[PDB]
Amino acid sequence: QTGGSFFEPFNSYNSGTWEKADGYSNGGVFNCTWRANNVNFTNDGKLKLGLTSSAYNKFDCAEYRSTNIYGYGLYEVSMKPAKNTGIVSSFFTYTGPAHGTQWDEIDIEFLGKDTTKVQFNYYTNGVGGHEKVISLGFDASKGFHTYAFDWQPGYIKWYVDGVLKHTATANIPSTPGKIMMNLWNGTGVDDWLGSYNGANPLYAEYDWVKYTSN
């Protein structure tokens, strides 16, 4: 029994809750370097992640993650992804070898090439391939909506504005992980994300995050 239920409205910063990625790159398909200066807190209480450029063809992106780890329960987020070919805005749980565990993760990803859809996925002991793309019936980039997943031992249920949209029923992840949010441009995955055209700055915003334990 790991982290407890919490509600994060992003109104002020206190130690022991979150951390910014800074100064290194995830490498691989991630074609940008994380910068702390790209994670900003607005005065009206939003977490704003930016994708910017320093110099020609050099991109800086952003990632914010919890310091504690959290297990089964309901994860909800009110967010507004960026819209642009070649990028991703996300909300996901994650644990892996860096944390000394197997790779388990549950994702909500908005492919910026088409923000009228959302991609749900998950990895269990490093096995992925569960991508499910759902049509939202609206352009998520235009305003805030609530996205959520209920993660229980026998299923993952994802919801959009409170409506059940997808249910996964096998090989569900079991290792508590950190809550993460990131915005990045890829390379090497044009088929998935579209080609990134260098447009910047781009922002994804998060108004709140809530986790309710069992």
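For every residue, the number given is its place in the sequence shown, counted from 1.
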{"query": "Which of 64-72 and 40-48 has higher mean CA B factor, as the PDB entry lists it", "finding": "40-48"}
{"query": "Higher-scoring stretch by recorded Cα B factor average, 157-165 or 50-58", "finding": "50-58"}
{"query": "Among 135, 85, 90, 95 - the residue whose C-alpha B-factor is largest in the record", "finding": "135"}
{"query": "Candidate residues 78, 119, 125, 141, the one whose C-alpha B factor the record puts highest", "finding": "125"}
{"query": "Third of the chain, ranked by Cα B-factor, where residue 192 sits", "finding": "highest"}
{"query": "Residue 29 by Cα B-factor - lowest, middle or highest third of the modelled chain", "finding": "highest"}
{"query": "Chain-wide C-alpha B factor ranking for residue 13, given as lowest, middle or highest third", "finding": "highest"}
{"query": "For residue 181, the third of its chain into which the C-alpha B factor falls", "finding": "lowest"}
